[PDB]
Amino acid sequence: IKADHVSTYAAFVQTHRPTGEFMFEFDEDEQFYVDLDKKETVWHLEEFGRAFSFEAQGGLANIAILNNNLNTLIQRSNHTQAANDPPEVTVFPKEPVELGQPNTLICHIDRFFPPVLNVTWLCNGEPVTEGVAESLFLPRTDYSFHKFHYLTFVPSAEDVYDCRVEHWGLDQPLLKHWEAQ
């Protein structure tokens, strides 16, 4: 389909966690989602929340719909479980690597299914809990997923980072490596 821009509401439900997710993307970038626990709309940038708003009921309702047809399809398919498509992982920095200038390390988990996943930021073998954030389970047009993981860090020639990923389609945890210089 020819289009100058694509505006896609996208949502999913499943047996394990995350049990549900509802969001709207503009040209494949997530604009806002609906926190299903806090029953709220969360805008990705202040540019967005300063302008328009969204009925958080419109997401919670579509999730209950998605859940109703989750079953009636579990039964209709004779309980069909899908194949575990394994993830591809890339680790790259947000800005050019200047030793000293704080940076953000991006871990991109791509082309995986189902949307169940563990991710751990390892610095020198040890995991990092402070100064980390992550995107949502972002749907693709081929109905798999991709996720973004972020860690703020100060480039050191004495430091070494890994993004450890767990998925049911992998035999072992996948370690993706990044190093300064």
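Numbering starts at 1 and runs along the sequence shown.
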Comparing mean C-alpha B factor in the record for 146 to 154 and 52 to 60, the higher one is 52 to 60
Comparing 68 to 76 with 101 to 109, which stretch shows the greater average C-alpha B-factor in the deposited entry? 68 to 76
Whose C-alpha has the highest temperature factor in the PDB entry: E30, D37, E46, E134? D37
Assert third(CA B-factor, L174) within chain per record equals middle
Of the three thirds of its chain by CA temperature factor, lowest, middle or highest, which one includes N124? middle
